[PDB]
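Undergrad:
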Amino acid sequence: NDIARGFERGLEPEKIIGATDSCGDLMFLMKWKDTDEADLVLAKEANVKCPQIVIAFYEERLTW
Amino acid sequence: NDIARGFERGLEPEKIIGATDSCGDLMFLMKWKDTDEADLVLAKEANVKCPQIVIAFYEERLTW
Amino acid sequence: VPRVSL
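Residue numbers (PDB author numbering), protein chains in the order written: chain C, 111 to 174; chain A, 111 to 174; chain E, 485 to 490.
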């Protein structure tokens, strides 16, 4: 199933607010700049398009 | 919701392929007719727009 | 993974 197409909206990524692997490939729920909205994007694609936003997300989840 | 907007695509619902309450309000991942595409829709809205599809999903996974 | 428990 073609599920995560958030980036096709042509909006600017701001912050990842959640993540799931439950449909196969790792996805992030991406909040966009200047909106309340959010949409699933594939992680592999966010890695390339918004790597600092990906990193910031993984950073606030570090556990020991 | 900020997140579930699948019905705004104006495609015919065909089958629910997952569900989550992880954003408070229950959502379904809805697959549309004659495409491999799916999108999150609010359950409250699917209940009204495609009640048989909602029920068929609940029925497929009854446990005792 | 949901499962309606009755």
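Here a beta-carbon is modelled for each residue, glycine too, at the ideal position from N, C-alpha and C.
Distance check for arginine 115 (chain A) and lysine 159 (chain C), CA to CA, integer angstroms please.
TA: Taking the straight line from one Cα to the other gives about 23 Å.
Undergrad: From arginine 487 (chain E) to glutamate 118 (chain C), what distance separates their C-alpha atoms?
TA: Their Cα atoms are separated by approximately 33 Å.
Undergrad: Should the stretch 121-137 of chain C be regarded as contacting the stretch 146-159 of chain C, the criterion being three or more beta carbon pairs within less than 8 Å?
TA: Taking 8 Å as the limit for Cβ pairs, the verdict is that the stretch 146-159 of chain C does touch the stretch 121-137 of chain C.
Undergrad: What number of angstroms, rounded off, separates the C-alpha of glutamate 147 (chain A) from the C-alpha of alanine 129 (chain C)?
TA: Cα-Cα distance, rounded: 19 Å.
Undergrad: Whole angstroms are fine: how far does the CA of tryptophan 174 (chain A) sit from the CA of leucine 490 (chain E)?
TA: Going by the C-alpha atoms only, they are around 5 Å apart.
Undergrad: Just checking: is the beta-carbon of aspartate 144 (chain C) within a distance shorter than 7 Å of some beta-carbon in chain A?
TA: Not closer than 7 Å to any Cβ of chain A, the Cβ of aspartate 144 (chain C) fails to qualify, so no.
Undergrad: Compare the C-beta of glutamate 170 (chain C) against all C-beta atoms of chain A and say whether one is closer than 7 Å.
TA: Answer no: the Cβ-Cβ gap between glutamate 170 (chain C) and chain A never drops below 7 Å.
Undergrad: Spatial neighbours of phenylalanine 167 (chain C) within its chain, please: C-beta separation below 6 Å, excluding the five flanking residues on both sides.
TA: If we look at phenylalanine 167 (chain C) and ignore the five residues flanking it on each side, its Cβ neighbours are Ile126.
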